[PDB]
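Here's the structure, in structure tokens; my notes come after.
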Amino acid sequence: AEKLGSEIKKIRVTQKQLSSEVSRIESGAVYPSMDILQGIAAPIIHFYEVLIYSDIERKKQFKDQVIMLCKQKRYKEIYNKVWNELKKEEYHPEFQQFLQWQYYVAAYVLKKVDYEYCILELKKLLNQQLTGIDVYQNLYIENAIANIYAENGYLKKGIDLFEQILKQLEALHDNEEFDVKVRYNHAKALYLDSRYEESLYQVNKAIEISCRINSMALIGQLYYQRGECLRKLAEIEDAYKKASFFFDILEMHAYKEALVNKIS
Amino acid sequence: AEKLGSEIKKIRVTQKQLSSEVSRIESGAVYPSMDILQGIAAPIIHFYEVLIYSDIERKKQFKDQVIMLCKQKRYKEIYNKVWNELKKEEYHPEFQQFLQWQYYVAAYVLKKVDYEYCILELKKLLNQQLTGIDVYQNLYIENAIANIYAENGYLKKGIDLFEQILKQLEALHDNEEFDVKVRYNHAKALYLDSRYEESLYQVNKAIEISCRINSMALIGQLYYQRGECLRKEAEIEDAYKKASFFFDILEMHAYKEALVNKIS
């Protein structure tokens, strides 16, 4: 917003001669006029290019800010930060969708809204969009809808939406870290429905990805499900010892507590 | 480049809203004029916003294309792809710098240029810039210069440039995956200079990050250096067994071959 005349002040290396009001552009009081903007460096795209790069810097700051709190599980502080930013009257169909997605789910987590009310308020952002920035944003929403059928028992419809993501996965496999989040959530519910068949296939497909993308993010939880999926049907001890290893090195003691009560 | 009148054709959902040549904007034969651009949706930033998002889509495609080949170690195919793209007369100080960085290093790898000639051709990109997209791009070049002092023996000056990156790491810790690449390369040379003291500190500092960022990218190679740094028997066996585990699961047999010749 202020970056317009910021690099312009330094690109000068003549402020009096550029043909009075010109000196307000280097501060950032008012946005430059249609005809006045053309007068600079006389390229036309670069004066606008910086405005997007300054925007996407602070947008990604916020997008990476909600991540830290999500892991911290500080939902009320997400809810507040996502409301105060939303409170500021700003127009962006792609950024608003994310903000309001995080708002509805946070409210659902904080038990402010119903499981169904949340589904409805999420569905509307999904079925009515014009996203040209991040195509994966709408995919995370579907997982957000699908994974909130688990502690609800509508998993039969949940799996349908998880299988619906597999079809969209083949269309430019750019982000694999998300596959691991979906495949793990898919395999989490398959074991809950007590379908021990393709629950193993989904785990061993995410384990395959985690080893090639070098992300041990869900790996501990992934081998724990392999050891539990193999538990009902030498290979069981193999996956059991593999998981237990990660839990301590990744500093996850909470999930390490319910390990000894499962082995012996 | 063609995305200008692409969403415009669909945003119409009006056809004869002039106030003839207007129809070629849908194809993208010529870029729209300054005064003609104003007569659209009647916002002004959105017609330009798509042009950057279409640009950064295909730019990132290429940036993520060089990555796959780098791991594949298919340097001549990088060298060719980076030359053919460079051959196309395009003006971008940030994209050109990357292209030519990959070109000089590839030539150095293919043994086309000297270690010093490479240093010089890399140094010029570093000392003359105006970055406003990837701030970490010039840091990768520094590491590229610094890590190419190893099979050269000027590691004393190499470490100076590696320590120079530590100061720049505190200034907004965005990419932790790069820290792991630098800290590992720093600790690789410290062991080569035969300074077994802070070679252990640097490994365990990156091991700490790899566990918090959930990236097992250099973890196998990191524990292998911990086991070798501790080598010059209880703590040594601990780091030795830890590394060996990863090598097979990450499908790295080449580095697994020189394990049995080190344990017994």
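Each chain in the structure tokens gets a letter, A, B and so on, in the order shown; residues start at 1 in every chain, and ligands are counted from 1 in the order they appear.
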(message) List the spatial neighbours of region 14-19 of chain A as a list in words - criterion: any atom at most 12 Å away, only C-alpha atoms, same-chain residues fewer than 6 positions off excluded.
(response)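 The neighbour list is residues 5, 8, 25, 26, 35, 36, 37, 38, 39, 40, 41 and 42 of chain A.
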Suppose we keep N, CA and C atoms; can you now write the selection as a short mmCIF file (atom, residue, chain, number, x, y, z; two decimals), in the first residue's frame?
```cif
data_model
loop_
_atom_site.label_atom_id
_atom_site.label_comp_id
_atom_site.auth_asym_id
_atom_site.auth_seq_id
_atom_site.Cartn_x
_atom_site.Cartn_y
_atom_site.Cartn_z
N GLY A 5 5.54 4.32 -4.12
CA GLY A 5 6.60 5.31 -4.29
C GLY A 5 7.83 5.05 -3.43
N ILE A 8 10.51 3.90 -5.87
CA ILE A 8 10.53 5.06 -6.76
C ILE A 8 11.47 6.16 -6.22
N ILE A 25 3.46 10.69 -3.27
CA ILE A 25 3.56 9.33 -3.82
C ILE A 25 4.68 8.52 -3.13
N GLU A 26 5.82 9.16 -2.82
CA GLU A 26 6.94 8.51 -2.13
C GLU A 26 6.65 8.17 -0.65
N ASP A 35 -3.30 8.66 -15.36
CA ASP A 35 -2.40 9.34 -16.28
C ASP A 35 -1.04 9.68 -15.66
N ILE A 36 -1.01 10.00 -14.34
CA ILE A 36 0.21 10.36 -13.60
C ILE A 36 1.18 9.15 -13.47
N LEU A 37 0.63 7.93 -13.30
CA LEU A 37 1.38 6.67 -13.18
C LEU A 37 2.22 6.39 -14.44
N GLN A 38 1.66 6.70 -15.62
CA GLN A 38 2.31 6.50 -16.93
C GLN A 38 3.56 7.38 -17.10
N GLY A 39 3.54 8.57 -16.50
CA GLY A 39 4.62 9.55 -16.55
C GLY A 39 5.95 9.12 -15.95
N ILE A 40 5.92 8.13 -15.03
CA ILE A 40 7.10 7.59 -14.37
C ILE A 40 7.89 6.70 -15.35
N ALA A 41 9.25 6.75 -15.29
CA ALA A 41 10.22 6.01 -16.13
C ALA A 41 10.09 6.35 -17.62
N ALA A 42 9.43 7.49 -17.91
CA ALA A 42 9.18 8.01 -19.25
C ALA A 42 9.34 9.53 -19.26
#
```
Where does chain A meet chain B within 9 Å, residue by residue, with the nearest atom pair and distance in Å to one decimal for each, counting only C-alpha atoms, listed by chain and rising number, as a tab-separated table?
```
residue	atom	partner	partner_atom	distance
A:34	CA	B:38	CA	8.3
A:35	CA	B:34	CA	8.8
A:38	CA	B:34	CA	8.4
A:45	CA	B:48	CA	7.5
A:48	CA	B:48	CA	7.4
A:49	CA	B:52	CA	7.0
A:50	CA	B:132	CA	7.0
A:52	CA	B:49	CA	7.0
A:53	CA	B:133	CA	6.2
A:54	CA	B:132	CA	8.4
A:57	CA	B:133	CA	8.6
A:132	CA	B:50	CA	7.3
A:133	CA	B:53	CA	6.3
A:174	CA	B:64	CA	8.9
A:210	CA	B:250	CA	8.9
A:211	CA	B:250	CA	5.2
A:212	CA	B:250	CA	6.9
A:213	CA	B:217	CA	8.2
A:214	CA	B:216	CA	5.1
A:215	CA	B:215	CA	4.7
A:216	CA	B:214	CA	5.1
A:217	CA	B:214	CA	5.2
A:218	CA	B:214	CA	8.9
A:249	CA	B:211	CA	6.7
A:250	CA	B:211	CA	5.2
A:251	CA	B:211	CA	7.9
```
Can you write just those residues out, C-alpha atoms, as a PDB file, in the first residue's frame?
```pdb
ATOM      1  CA  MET A  34      -4.300   6.762 -14.159  1.00  0.00           C
ATOM      2  CA  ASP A  35      -2.395   9.343 -16.279  1.00  0.00           C
ATOM      3  CA  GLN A  38       2.308   6.501 -16.927  1.00  0.00           C
ATOM      4  CA  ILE A  45       3.793  -3.704 -15.074  1.00  0.00           C
ATOM      5  CA  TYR A  48       2.068  -2.780 -10.179  1.00  0.00           C
ATOM      6  CA  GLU A  49       4.276  -5.916  -9.711  1.00  0.00           C
ATOM      7  CA  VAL A  50       5.674  -4.561  -6.397  1.00  0.00           C
ATOM      8  CA  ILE A  52       1.266  -7.635  -5.507  1.00  0.00           C
ATOM      9  CA  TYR A  53       4.629  -8.765  -4.020  1.00  0.00           C
ATOM     10  CA  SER A  54       4.099  -6.439  -0.981  1.00  0.00           C
ATOM     11  CA  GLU A  57       4.314 -10.909   1.518  1.00  0.00           C
ATOM     12  CA  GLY A 132      -7.203 -17.807  -9.634  1.00  0.00           C
ATOM     13  CA  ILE A 133      -4.402 -17.700  -6.984  1.00  0.00           C
ATOM     14  CA  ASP A 174       2.309 -30.021  -6.814  1.00  0.00           C
ATOM     15  CA  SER A 210       6.283 -39.177   3.057  1.00  0.00           C
ATOM     16  CA  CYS A 211       9.533 -41.029   2.148  1.00  0.00           C
ATOM     17  CA  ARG A 212       9.739 -39.356  -1.321  1.00  0.00           C
ATOM     18  CA  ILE A 213       8.751 -35.834  -0.150  1.00  0.00           C
ATOM     19  CA  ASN A 214      10.972 -36.159   3.011  1.00  0.00           C
ATOM     20  CA  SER A 215       8.222 -35.095   5.475  1.00  0.00           C
ATOM     21  CA  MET A 216       7.930 -36.979   8.788  1.00  0.00           C
ATOM     22  CA  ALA A 217       4.892 -34.735   9.691  1.00  0.00           C
ATOM     23  CA  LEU A 218       2.303 -37.571   9.895  1.00  0.00           C
ATOM     24  CA  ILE A 249      12.628 -37.627  18.336  1.00  0.00           C
ATOM     25  CA  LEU A 250       9.754 -35.415  17.116  1.00  0.00           C
ATOM     26  CA  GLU A 251       9.168 -34.459  20.837  1.00  0.00           C
TER      27      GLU A 251
END
```
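Rounded to one decimal, CA of residue 154 (chain A) and CA of residue 258 (chain A) lie 26.5 Å from each other.
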(request) Once DSSP has gone over the backbone, tell me which residues of region 19-201 of chain A are in helix (DSSP H, G or I), as number ranges by chain. (result) A: 21-24, 34-38, 46-72, 75-87, 93-109, 115-127, 137-152, 155-169, 177-192, 198-201
Could you list, as a PDB file with N, CA and C atoms, in the first residue's frame, every residue within 12 Å of residue 237 (chain A), counting only C-alpha atoms and ignoring same-chain residues fewer than 4 positions away?
```pdb
ATOM      1  N   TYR A 223       2.626 -44.788  10.902  1.00  0.00           N
ATOM      2  CA  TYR A 223       3.116 -46.124  11.253  1.00  0.00           C
ATOM      3  C   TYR A 223       2.299 -46.716  12.401  1.00  0.00           C
ATOM      4  N   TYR A 224       1.789 -45.849  13.312  1.00  0.00           N
ATOM      5  CA  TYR A 224       0.934 -46.210  14.454  1.00  0.00           C
ATOM      6  C   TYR A 224      -0.368 -46.830  13.946  1.00  0.00           C
ATOM      7  N   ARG A 226      -0.539 -48.224  10.862  1.00  0.00           N
ATOM      8  CA  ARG A 226      -0.102 -49.438  10.162  1.00  0.00           C
ATOM      9  C   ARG A 226      -0.014 -50.598  11.168  1.00  0.00           C
ATOM     10  N   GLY A 227       0.577 -50.334  12.336  1.00  0.00           N
ATOM     11  CA  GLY A 227       0.709 -51.296  13.428  1.00  0.00           C
ATOM     12  C   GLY A 227      -0.622 -51.727  14.015  1.00  0.00           C
ATOM     13  N   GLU A 228      -1.619 -50.817  14.002  1.00  0.00           N
ATOM     14  CA  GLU A 228      -2.984 -51.051  14.482  1.00  0.00           C
ATOM     15  C   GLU A 228      -3.861 -51.696  13.402  1.00  0.00           C
ATOM     16  N   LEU A 230      -2.581 -53.702  11.050  1.00  0.00           N
ATOM     17  CA  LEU A 230      -2.009 -55.048  10.956  1.00  0.00           C
ATOM     18  C   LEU A 230      -2.388 -55.878  12.191  1.00  0.00           C
ATOM     19  N   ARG A 231      -2.738 -55.194  13.312  1.00  0.00           N
ATOM     20  CA  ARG A 231      -3.143 -55.789  14.595  1.00  0.00           C
ATOM     21  C   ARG A 231      -4.418 -56.636  14.460  1.00  0.00           C
ATOM     22  N   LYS A 241       7.516 -50.829  16.298  1.00  0.00           N
ATOM     23  CA  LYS A 241       8.820 -50.312  16.718  1.00  0.00           C
ATOM     24  C   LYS A 241       9.233 -49.089  15.885  1.00  0.00           C
ATOM     25  N   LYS A 242       8.815 -49.058  14.596  1.00  0.00           N
ATOM     26  CA  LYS A 242       9.073 -47.979  13.636  1.00  0.00           C
ATOM     27  C   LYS A 242       8.425 -46.667  14.075  1.00  0.00           C
ATOM     28  N   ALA A 243       7.141 -46.719  14.490  1.00  0.00           N
ATOM     29  CA  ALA A 243       6.364 -45.568  14.955  1.00  0.00           C
ATOM     30  C   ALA A 243       6.959 -44.991  16.240  1.00  0.00           C
ATOM     31  N   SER A 244       7.025 -45.815  17.321  1.00  0.00           N
ATOM     32  CA  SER A 244       7.556 -45.511  18.661  1.00  0.00           C
ATOM     33  C   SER A 244       8.849 -44.688  18.645  1.00  0.00           C
ATOM     34  N   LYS A 262      -0.556 -50.367  24.499  1.00  0.00           N
ATOM     35  CA  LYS A 262      -0.933 -51.037  23.248  1.00  0.00           C
ATOM     36  C   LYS A 262      -0.018 -52.205  22.860  1.00  0.00           C
ATOM     37  N   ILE A 263       1.284 -52.137  23.215  1.00  0.00           N
ATOM     38  CA  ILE A 263       2.268 -53.177  22.888  1.00  0.00           C
ATOM     39  C   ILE A 263       2.069 -54.448  23.731  1.00  0.00           C
ATOM     40  N   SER A 264       2.268 -54.339  25.056  1.00  0.00           N
ATOM     41  CA  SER A 264       2.147 -55.453  25.996  1.00  0.00           C
ATOM     42  C   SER A 264       0.691 -55.837  26.234  1.00  0.00           C
TER      43      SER A 264
END
```
(message) as a PyMOL selection string, please: the residues near residue 104 (chain B) (cut-off 10 Å, only C-alpha atoms, same-chain neighbours under 3 positions excluded).
(response) chain B and resi 79+99-101+107-110+112-114+117-122
